[PDB]
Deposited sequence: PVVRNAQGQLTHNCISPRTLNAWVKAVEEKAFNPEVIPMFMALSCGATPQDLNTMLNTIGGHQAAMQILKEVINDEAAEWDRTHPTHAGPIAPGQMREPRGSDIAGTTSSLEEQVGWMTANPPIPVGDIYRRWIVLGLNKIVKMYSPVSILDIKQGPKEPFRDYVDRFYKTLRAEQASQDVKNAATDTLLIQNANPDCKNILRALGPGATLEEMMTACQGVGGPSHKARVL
């Protein structure tokens, strides 16, 4: 990664074993549940493209997903080159493949990230990777929201947990609550809780619905 030392200047540091092992274990434990994306963003903080490739390449399984991620990176790369056609001791401009760390050296990557003004090739590449991870998370979501239905003896809290977890994966995003998803939550509740939720009438908050079906 690129960080400020105690002298306050930008400098390259080797990716830490702790950071790398945390990412490898995140992928092993969480697969492509939607929470893997925020973990990726946190652990890749300050990353060079070289660091980002290290993080993706150290993954041993999920090679179908890693090939889907490469298609997305190549698409984002081509789009960058399309919208960016092309002084002594200054950097050549970065191509798509330079941002993805394929055709760029570490020295060039750090050069761009510490140039005046900076070209944050690390942050641009991280954005492309997250677009690919979002796509994988939606593809791998195992159950449609249409089939998330409260079991006849499933507590309402456990049903609401499954419901909002499914919406988060299908949208690769937690901005999923609104008047219409409230209606779907009620539609897919079991007969007992459904009858109770309808009697609350319109505009019932999640707190009030969860309280009303708790007994």
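- Gaps in the coordinates relative to the deposited sequence fall at 87-91, 221-231.
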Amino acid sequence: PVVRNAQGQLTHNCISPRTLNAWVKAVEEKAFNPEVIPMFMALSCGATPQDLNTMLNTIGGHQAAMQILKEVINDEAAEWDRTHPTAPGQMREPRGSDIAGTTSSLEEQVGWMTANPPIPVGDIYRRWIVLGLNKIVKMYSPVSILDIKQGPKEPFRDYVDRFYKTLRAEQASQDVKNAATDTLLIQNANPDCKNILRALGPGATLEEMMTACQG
From here on, numbers count along this sequence of modelled residues.
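- Per the PDB record, of the two stretches 11-19 and 193-201, 193-201 carries the greater mean B-factor over its C-alpha atoms.
- When the C-alpha B-factors of 95-103 and 132-140 are averaged, 95-103 comes out higher.
- Per the deposited coordinates, the residue with the largest Cα temperature factor out of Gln174, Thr183, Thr58, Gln63 is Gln174.
- Per the deposited record, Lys153 carries the highest C-alpha B-factor of all listed residues (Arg162, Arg168, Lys153, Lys70).
- Among the modelled residues of its chain, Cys45 has a C-alpha B-factor that falls in the middle third according to the deposited record.
- The deposited CA B-factor of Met39 belongs to the lowest third of values across its chain.
- The entry lists a Cα temperature factor for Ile145 that places it in the lowest third of the chain's modelled residues.
- In the PDB entry, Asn33 places in the lowest third of its chain by CA B-factor.
- In the deposited entry, the Cα temperature factor of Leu52 sits in the bottom third of values across the chain's modelled residues.
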